[PDB]
Peer 1: 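Here's a structure for you.
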Amino acid sequence: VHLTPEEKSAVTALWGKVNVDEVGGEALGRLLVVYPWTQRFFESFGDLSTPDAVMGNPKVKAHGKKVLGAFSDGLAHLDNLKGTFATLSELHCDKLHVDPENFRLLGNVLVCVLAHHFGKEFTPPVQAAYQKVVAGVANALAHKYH
Amino acid sequence: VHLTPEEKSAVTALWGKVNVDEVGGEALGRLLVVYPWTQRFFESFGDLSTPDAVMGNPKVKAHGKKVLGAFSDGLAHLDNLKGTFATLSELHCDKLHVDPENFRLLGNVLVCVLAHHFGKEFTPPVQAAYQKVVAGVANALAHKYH
Amino acid sequence: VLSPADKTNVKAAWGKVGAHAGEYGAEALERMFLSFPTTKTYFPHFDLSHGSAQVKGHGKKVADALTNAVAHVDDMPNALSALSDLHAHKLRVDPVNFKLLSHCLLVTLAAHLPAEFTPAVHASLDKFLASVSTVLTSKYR
Amino acid sequence: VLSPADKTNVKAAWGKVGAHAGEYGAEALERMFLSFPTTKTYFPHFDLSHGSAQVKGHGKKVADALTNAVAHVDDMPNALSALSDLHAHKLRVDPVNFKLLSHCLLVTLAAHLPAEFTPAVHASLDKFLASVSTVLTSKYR
Ligand code: HEM
Ligand code: HEM
Ligand code: HNI
Ligand code: HNI
């Protein structure tokens, strides 16, 4: 949460211009191509033997859509991340058993995804804003491990 | 991330046999040898240029004494590792700048040291236990981040 | 990685392992499964209760493997080819676990070889299994 | 080194980099100092602030270093030795800073080369840095 307002205003700002319909599938899809092992959690989804394969899929995109929401949700609540992701922290840890290290990887893929969509507009300071954020979320998403 | 009786008793018991003047040195000395880079927060310890030089460094051997004292006392307060390590968290974080990853590393090194001294007595159930302590402790020690 | 000296050290450590690698490898598994349980799923069809059958056999599996890799130090990506495909595509093993088993494997050597497990061997040994782990999880598709 | 498909793309990623490579490298560095302040205590002698030329030439150094590391791919430990020896030994650099710089590099490449930032090059590029990262890490002591 510990973000200067300047960063806080910068975030929502950029955040607004985001295609909430595409970005998440972009992120989660990329997560699988870049970090394959992570596929071991989405066998329920289908063809993921090739990139275009993984990328095309509507579940992967359908899902990232849910994931992003959880992010928007997080952004709208920086002073309460731990609380905001509680059941998720359980779902991912207790039930699913996702290694918390993949929370950080997704967090950084999201950052690459944004960067890809806003080009030069995703400036070094803005990125800095987001890193404090994606770290804030991966970190509270793994709390039921703490 | 919680400790049962069977465990609590097992962890206390074995620690009872831990020579608080030799484990730290070993644990800290191994960190410096196994994970070289950790050597950067200890350049004012003079020489640590070879395994031996490090292992026989009254500075090295010294510091691990207080590092393990740190553990030994935090092992008394298993229910509030967050309090017990509060002041050390700020230090290594805001002051020292030790990446929280090296905390998971120092603990597994320690566990490696307990196995090297108690051989067969450091049985799996024994390790399962000590693992949770080093886990909470590394976690506890990375608190002033997150 | 693992400089020449490391090559030298790894073999020193191996030497004293000999045919022991069956209990040792099995004890690492045994231990890993207990200390970090999530890791249990990669084996949902396995009986891994202390002393168990499948555990011991699989123990030889992992062992023979490391001797192949050690005797094959410079030829690691290829000499270990069969495995990569299995652990990456079929198994899709989260790399963190190769960190978990590697640690346990280490706990075991140090518990059965107090004179071999020195700070120099240690570093050389961890680097070994790190280098084996990398080549075990790099192939993913 | 790794998948010819991986060298295919990595070759083609720096194929549109060209003369910008110097500048892209410095953005990564700049990105790395702003998002991960701690990395700044490795350069306590530079004007780590905006526009510093120090970062500039420096980024060029890293970029070329990389281009150079793209060339001698199948033998990076070799062609990057003087470096293995410089960051691992001379400066003792925690590998978490390598993962950080590599990440800042993908973001820079992503911000400037959208059409070339395909998931496939993203994976290919990220592995290449995992490796370059290791070489400047597979020699500490
Ligand atoms: C920290 C970033 C992450 C966030 C915010 C997040 C969020 C979510 C959310 C909101 C759900 C909805 C579940 C539901 O109620 O249907 C979900 C499901 C799920 N997530 Fe994540 N997640 C993250 C990282 C990961 C990672 C790294 C993995 C592993 C690759 C993962 C694997 C899964 C799986 C397997 C499901 C259930 C899919 C199903 O319904 O079958 N998540 N996640
Ligand atoms: C030191 C690193 C490791 C080595 C050298 C190694 C080696 C091997 C070998 C040789 C086999 C059997 C190949 C065959 O004959 O079919 C195998 C199987 C297997 N390994 Fe590993 N392994 C390592 C780490 C891991 C880790 C970290 C996991 C996951 C926690 C794992 C999970 C498995 C599983 C699930 C099988 C298949 C068992 C079966 O159904 O037959 N391995 N491994
Ligand atoms: C390699 C990095 C590193 C790691 C992983 C690490 C891990 C740990 C762990 C286990 C997670 C514990 C319990 C621990 C405890 C301590 N450390 Ni650590 N320390 C590290 C680097 C240091 C350094 C450097 C100091 C000197 C601090 C100072 O300013 O005096 C230090 C000092 C201490 C002190 C003494 C502080 C004082 O005199 O005021 C304690 C106690 N520690 N350190
Ligand atoms: C933050 C830690 C850090 C990281 C992660 C890192 C990662 C990398 C990577 C990743 C793939 C590459 C290719 C690389 C390449 C280089 N670095 Ni790095 N370097 C780092 C800290 C430094 C420092 C510090 C210097 C010298 C600074 C000085 O005092 O001039 C340096 C100098 C260099 C030089 C110049 C050498 C010379 O003087 O001839 C090259 C080339 N590098 N560095």
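A, B, ... follow the sequence lines: proteins, then strands. Residue 1 opens every chain. In what follows, every heavy atom counts, from backbone to side chain, and hydrogens, waters and symmetry copies are set aside. Just so you know, ligand 1 is whichever comes first in the structure, and atom 1 is the first atom listed for that ligand.
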Peer 1: What's the shortest distance from atom 5 (C) of ligand 3 to any protein heavy atom, and which residue and atom give it?
Peer 2: B:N102 O, 3.2 Å

Peer 1: Please list all pairs passing the ring-ring contact (aromatic ring centres under 6.0 Å, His included) test where one or both residues lie in residues 76-105 of chain A, with sequence neighbours left out.
Peer 2: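 Passing the test, one end in residues 76-105 of chain A: A:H92-A:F103.
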
Peer 1: Nearest protein heavy atom to atom 21 (C) of ligand 3, by residue and atom, and its distance?
Peer 2: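 The protein heavy atom lying closest is B:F42 CZ, 3.5 Å.
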
Peer 1: For a 4.5 angstrom cut-off between non-hydrogen side-chain atoms, does A:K82 reach A:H146?
Peer 2: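 Heavy-atom side-chain distance check fails, nothing below 4.5 Å.
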
Peer 1: Look at the rings of D:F43 and D:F46 and say which category their plane angle falls in: under 30° parallel, 30 to 60° tilted, over 60° perpendicular.
Peer 2: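 Rings of D:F43 and D:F46: perpendicular, as their planes differ by over 60°.
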
Peer 1: Check whether NZ of the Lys or CZ of the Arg B:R40 lies under 6.0 Å from the centre of the six-membered ring of D:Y42 and within 45 degrees of that ring's axis.
Peer 2: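 Yes, B:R40 lies over the aromatic ring of D:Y42.
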
Peer 1: If you define the side chain from C-beta out and look only at heavy atoms, does anything of B:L91 sit under 4.5 Å from B:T87?
Peer 2: no

Peer 1: At a 4.0 Å threshold, what atoms of ligand 4 neighbour a non-hydrogen atom of D:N97?
Peer 2: 5 (C)

Peer 1: Which residue owns the protein heavy atom closest to atom 26 (C) of ligand 4, what's the atom, and how far is it?
Peer 2: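 In this structure, atom 26 (C) of ligand 4 has D:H58 CE1, 4.0 Å as its nearest protein heavy atom.
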
Peer 1: What I want to know is whether D:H45 and ligand 4 share at least one N or O pair that is separated by under 3.5 angstrom.
Peer 2: yes

Peer 1: More than 12 foreign heavy atoms under 6.0 Å from CZ of D:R92: is that the case here?
Peer 2: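 Yes, because the 6.0 Å sphere around CZ of D:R92 holds more than 12 heavy atoms from other groups.
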
Peer 1: Is any NZ, NE, NH1 or NH2 atom of the basic residue among D:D85 and D:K90 found under 4.0 Å from an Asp or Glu carboxylate oxygen of the other?
Peer 2: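 Salt bridge absent between D:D85 and D:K90.
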
Peer 1: So how many protein N, O or S atoms does atom 18 (Ni) of ligand 4 have within less than 2.8 Å?
Peer 2: 1

Peer 1: Looking at C:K40, I want to see if its NZ is surrounded by more than 12 non-hydrogen atoms of other residues, nucleotides or ligands under 6.0 Å.
Peer 2: no

Peer 1: So if I count the atoms of ligand 4 from 1 in the order they appear, which ones are less than 4.0 Å from some heavy atom of D:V132?
Peer 2: 11 (C)

Peer 1: Between A:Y35 and D:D126, is any pair of side-chain heavy atoms under 4.5 Å apart?
Peer 2: yes

Peer 1: Answer yes or no: is there a side-chain heavy-atom contact under 4.5 Å between A:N102 and C:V96?
Peer 2: no

Peer 1: Would you please test A:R30 and A:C112 for side chain to side chain contact (heavy atoms under 4.5 Å, CB included) and show each step?
Peer 2: CA-CA 9 Å; A:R30 274 169 177 288; A:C112 288; 5.7 Å; no

Peer 1: Which protein N or O atoms sit under 3.5 Å from any N or O of ligand 1? Give atom names and distances.
Peer 2:
residue: ligand 1; atom: 20 (N); partner: A:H92; partner atom: NE2; Å: 3.3
residue: ligand 1; atom: 22 (N); partner: A:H92; partner atom: NE2; Å: 2.7
residue: ligand 1; atom: 42 (N); partner: A:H92; partner atom: NE2; Å: 3.3
residue: ligand 1; atom: 43 (N); partner: A:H92; partner atom: NE2; Å: 2.7

Peer 1: If every non-hydrogen atom of A:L28 is compared with every non-hydrogen atom of A:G64, which pair is closest and at what distance?
Peer 2: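 Heavy atoms only, the tightest pair is CD2-N, 3.4 Å.
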
Peer 1: Got the closest protein heavy atom to atom 1 (C) of ligand 3, with its distance?
Peer 2: B:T38 CB, 3.4 Å

Peer 1: Give the residue, atom name and distance (to 0.1 Å) of the protein heavy atom nearest atom 38 (O) of ligand 3.
Peer 2: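 Looking at atom 38 (O) of ligand 3, the protein heavy atom closest to it is B:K66 CD, 4.8 Å.
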
Peer 1: Please examine the side chains of A:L78 and A:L3, heavy atoms only from C-beta on, and report whether any two atoms are closer than 4.5 Å.
Peer 2: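 Sidechains of A:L78 and A:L3: in contact.
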
Peer 1: Which of these, D:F33, D:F36, D:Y42, has its nearest heavy atom closest to atom 2 (C) of ligand 4?
Peer 2: D:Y42

Peer 1: Run down the list D:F43, D:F98, D:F46 and name the one with the heavy atom closest to atom 22 (C) of ligand 4.
Peer 2: D:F43

Peer 1: What's within reach of atom 18 (Ni) of ligand 3, meaning protein N/O/S atoms under 2.8 Å?
Peer 2: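 Protein N/O/S atoms under 2.8 Å of atom 18 (Ni) of ligand 3: B:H92 NE2.
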
Peer 1: Any non-hydrogen side-chain atom of A:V67 less than 4.5 Å from a side-chain atom of A:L106?
Peer 2: yes

Peer 1: Identify the protein heavy atom lying closest to atom 12 (C) of ligand 3, giving its residue, its atom name and the separation to 0.1 Å.
Peer 2: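 Ranking protein heavy atoms by distance from atom 12 (C) of ligand 3, first comes B:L141 CD2, 3.6 Å.
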
Peer 1: Look at atom 42 (N) of ligand 3 and say whether a protein heavy atom is found at less than 4.0 angstrom from it.
Peer 2: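 It does; a protein heavy atom is within 4.0 Å.
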
Peer 1: Taking atom CG of B:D79 as the centre, does the number of heavy atoms from other residues, nucleotides or ligands within less than 6.0 Å exceed 12?
Peer 2: no

Peer 1: Parallel, tilted or perpendicular, judged at 30° and 60°: which one describes the rings of A:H63 and A:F42?
Peer 2: perpendicular

Peer 1: Over 60° means perpendicular and under 30° means parallel, so classify the ring planes of A:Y130 and A:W15, tilted if in between.
Peer 2: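 Tilted, since the angle between the ring planes falls between 30° and 60°.
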
Peer 1: To the nearest 0.5 Å, what is the distance between NZ (D:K60) and CG (D:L29)?
Peer 2: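 Separation between the atoms: 14.0 Å.
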
Peer 1: Under 4.5 Å between any side-chain heavy atoms of C:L106 and B:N108, yes or no?
Peer 2: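 No, their side chains stay 4.5 Å or more apart.
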
Peer 1: Less than 4.0 Å is my threshold; does some heavy atom of D:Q54 fall inside it relative to ligand 4?
Peer 2: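 False for this residue.
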
